[PDB]
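Trainee: Before anything else, here's the structure in question.
Since every read-out is calculated from the coordinates, none of them should be taken as a lab result. We place every Cβ from the backbone using ideal geometry, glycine too, and count neighbours over all the protein chains shown.
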Amino acid sequence: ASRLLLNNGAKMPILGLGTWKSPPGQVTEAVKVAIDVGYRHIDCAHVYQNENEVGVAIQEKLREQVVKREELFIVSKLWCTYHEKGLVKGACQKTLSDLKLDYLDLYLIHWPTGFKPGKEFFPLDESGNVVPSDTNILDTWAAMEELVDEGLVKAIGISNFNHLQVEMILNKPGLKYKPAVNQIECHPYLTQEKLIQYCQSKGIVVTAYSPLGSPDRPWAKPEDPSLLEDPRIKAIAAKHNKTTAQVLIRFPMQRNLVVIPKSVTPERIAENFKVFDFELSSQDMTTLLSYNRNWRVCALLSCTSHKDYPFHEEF
Ligand SMILES: NC(=O)c1ccc[n+]([C@@H]2O[C@H](COP(=O)([O-])OP(=O)(O)OC[C@H]3O[C@@H](n4cnc5c(N)ncnc54)[C@H](OP(=O)(O)O)[C@@H]3O)[C@@H](O)[C@H]2O)c1
């Protein structure tokens, strides 16, 4: 069942179901199965273009008495084109209506980079590059803070913020609500020891995304590394009579991180849940940490010149 305590007093399920790349015609069934299997945490976002269909499943399980709303922990994220002051509430209310809820448990700033407002998620000029907004992280944070004061979201947090951008928020004059969660990419090829040690020292819960290395990212190459087929990680799994995926999901949990693997496949959704009944030794953990290559799945390469691009700093 177990769960981590956030700085607003709420409890966040350490395992959750990710929904990026989950087709609209498959994800409702996926979330229904997840909730049946015992998932109490769904990770969503407006930019995934499937929140209506995630919301159909959540509504069905609520009507069915399988779960009450307080048992669920629903996360969504504010996209980059909605960073302006006047647009944050609207973006939150659209997500709430698609998911058919009246509050979110956690609302994240998806990326620290703001884009020009409009219908395109990645707006382009005549040269072909992303058009930035002149908004900054602190004004976007003040808008997120008033969503807490209005009752639309219980906790607010951030995603893909480096340590200096987190510092900015923590040092902000008149700061009312601390970031509850920083959601970052984390697996054995990108272990993130410095950013995790920093967030944890400030009471910020870390959520690991792409724990299996995201084998279905649309920009995948044949010569890219594969976590799931890594023989060294295969060997650790075999020693524990588990799968490589079960080892890769257990790895962040023992680092006190929240982990959110994605799947639309009912048998893998089930498999990914059976991770509470075994332990990796401290030797296993230290071995998996040694596999760090500093390799990112999600590098947002089109925004490399944006003033708030997060990955130029070391951590
Ligand atoms: N905040 C952000 O900026 C951000 C960025 C990236 C990701 N995320 C979140 O993190 C979630 C998880 O990361 P991700 O979607 O990149 O990828 P992931 O969870 O690392 O991997 C998903 C892929 O692995 C497969 N898989 C799942 N379980 C498996 C198993 N037991 N055995 C073999 N293969 C398995 C899935 O296939 P099937 O689905 O076909 O089973 C899918 O192809 C996303 O859905 C999203 O919610 C957030």
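Trainee: Test of understanding: among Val264, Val259, which residue is under 15 Å from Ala208 (Cα atoms), touching a residue at least 12 places away in the same chain (Cβ under 8 Å), out of contact with any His (no Cβ under 6 Å at 6 or more places or on another chain) and hydrophobic (A, V, I, L, M, F, W, C)?
Mentor: Values: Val264 fails: under 15 Å from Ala208 (Cα atoms).
Residue meeting the stated conditions: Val259.
Trainee: Could you please give the count of residues in region 32-50 that are in a helix (DSSP H, G or I) and either over 26 Å from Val88 (Cβ atoms) or free of Cβ contacts under 8 Å to residues at least 24 places away in the same chain (or both)? Working first, answer last.
Mentor: Taking region 32-50 first, the residues in a helix (DSSP H, G or I) are 32-37, 46-48.
Those still in the list that are either over 26 Å from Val88 (Cβ atoms) or free of Cβ contacts under 8 Å to residues at least 24 places away in the same chain (or both) too: 32-37.
Adding up the residues that qualify gives 6.
Trainee: Return the only residue of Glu167, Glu146 being closer than 17 Å to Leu78 by Cα and surrounded by fewer than 20 Cβ atoms within 10 Å (Cβ to Cβ).
Mentor: Details: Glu167 fails: closer than 17 Å to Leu78 by Cα.
Result of the check over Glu167, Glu146: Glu146.
Trainee: Checking the condition in a helix (DSSP H, G or I) and away from the ligand (no atom under 16 Å from the Cβ), which residue from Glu267, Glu167, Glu223 passes?
Mentor: Numbers: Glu267 fails: away from the ligand (no atom under 16 Å from the Cβ); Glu223 fails: in a helix (DSSP H, G or I).
It is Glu167.
Trainee: For the subset of region 280-291 comprising residues that are assigned to a loop (DSSP other than H, G, I, E, B) and in contact with a helix residue (DSSP H, G or I) (Cβ under 8 Å, 6 or more places away or on another chain), which member is surrounded by the most Cβ atoms within 10 Å (Cβ to Cβ)?
Mentor: Only one residue fits best here, namely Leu280.
Trainee: Name the single residue, out of those in region 45-70 being within 16 Å of the chain's Cα centre (by Cα) and within 14 Å of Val264 (Cβ to Cβ), that is surrounded by the fewest Cβ atoms within 10 Å (Cβ to Cβ).
Mentor: Filtering region 45-70 for residues that are within 16 Å of the chain's Cα centre (by Cα) and within 14 Å of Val264 (Cβ to Cβ), the one surrounded by the fewest Cβ atoms within 10 Å (Cβ to Cβ) comes out as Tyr48.
Trainee: Only residues in region 212-230 that are without any contact (Cβ under 8 Å) to a residue 24 or more places away in the chain count as the first member; pair them with residues that are exposed (fewer than 15 other Cβ atoms within 10 Å of the Cβ) and polar (S, T, N, Q), Cβ under 9 angstrom, at least 6 apart or cross-chain, and list the lot.
Mentor: From region 212-230, the pairs are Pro215/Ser226.
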